[PDB]
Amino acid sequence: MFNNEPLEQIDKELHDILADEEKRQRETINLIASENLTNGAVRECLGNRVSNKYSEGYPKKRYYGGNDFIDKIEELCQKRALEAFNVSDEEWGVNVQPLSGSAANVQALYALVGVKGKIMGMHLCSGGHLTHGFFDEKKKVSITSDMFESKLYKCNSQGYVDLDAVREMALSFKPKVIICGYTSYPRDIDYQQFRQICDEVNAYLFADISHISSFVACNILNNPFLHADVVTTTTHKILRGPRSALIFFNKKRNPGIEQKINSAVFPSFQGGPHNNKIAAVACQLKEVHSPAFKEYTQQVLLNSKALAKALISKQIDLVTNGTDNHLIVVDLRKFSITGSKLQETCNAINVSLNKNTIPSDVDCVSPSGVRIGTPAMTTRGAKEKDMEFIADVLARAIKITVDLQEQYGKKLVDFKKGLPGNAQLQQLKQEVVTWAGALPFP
């Protein structure tokens, strides 16, 4: 008693929008630092009937039976996850059930400190995530600032984490957890100095490595696993998995953390896991551990350095004047345009990026930069020499944005009226589409 007609027939309306979406992804220079493109195998897992199964609890200790094949999948994912990040299953544990990055972090934090517990994280405006305690005078914006007592540390006026301030804060504030690893931080993290600070005050070290997961995995950047009690990571960004998350916990530094984290995920916060996700995460974690994927990750950094260099060559300023990873933050103050305006301009030429705060921005209202990253375009096959063209297109959008602002004014709603029909944008869009539409597409 069901309709098994294909998507095209069953729902032509939805199917057109999805074919349109696919064409827009195919014809876009995607510079969203947090985005990537999943291969066919990962997407086959996500559409697999394994998502029909309710399997609350953990492998073996399920509430229901009929979960023998689901237990192998979930155990195969855990194993492949510990292998990928070069950790011993005797020393480290992993929970593979969190539905996404934000859930993973709220659950893990709750395990460690509970309700009313004290946490420290980087401010959102300085490159921290919402789930690192974000609030503002007017509201406890994140649940992590409300169900916990959070305090927030800032980067210095050059974009770097200020460890002297972290200590000043940790000593007086006395948190049970300090969060490092960030959403728009263009440099590597000194986890050892974090570990040193946490020991001093008795707090846990929480490393959220969602943006830099592949680099840690492939030993191209510092290893938080040497110093951290907990590591969380999304699986959908540079790692190139599905939309999901992983929580890692250091059993040796903290026996009985295994039970706190697993119970926090279920039954404290979640119900039934999403086994299609777990299958998909398994499939990608095998690719992660090949030598092929290390080649890819290295290309991400090569492309990002080259992109950094070419933008500097065209006199564009970058936060910290460079990058040690996949992402760059462009400081747009010298052109007197906001990041929102350039985001719209770039949207009109099929260039995907996001507006992003810089150290000088007091508020998160009207951010003065944009963030770009290379994982997506590196997946689509761009090499070092391709970065001069992206740098060229970005330079040309900044110039056009400046022209349009002069003509139409500095109000965002007035600015946008200039965008449609603009001859240079149409020319530039066309140039973007021709280069983008040609690149390999999974």
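Think of the rigid core as the biggest set of C-alphas that the two forms share within 1.5 Å after superposition. Sequential numbering from 1, following the sequence displayed.
- Relative to the shown model and aligned on the rigid core, the C-alphas in 8 other deposited structures of this protein deviate most, among 361-369 and 93-101, for 361-369.
- In this entry, 111-119 has the higher mean Cα B-factor, the comparison being between 111-119 and 266-274.
- Of the two segments, 58-66 and 388-396, the one listed with the higher mean B-factor is 58-66 (C-alpha atoms only).
- The top Cα temperature factor in the record, among 413, 29, 37, 41, falls on 413.
- Residue set 174, 187, 237, 309: peak C-alpha B-factor at 174 (per PDB entry).
- Residue 373 sits in the lowest third of its chain by CA B factor, as recorded in the PDB entry.
- When the modelled residues of the chain are ordered by their C-alpha B factor, residue 151 lands in the highest third.
- Among the modelled residues of its chain, residue 407 has a C-alpha B-factor that falls in the highest third according to the deposited record.
- Residue 125 sits in the highest third of its chain by CA B factor, as recorded in the PDB entry.
- Ranked by Cα temperature factor within the chain, residue 138 sits in the highest third according to the deposited record.
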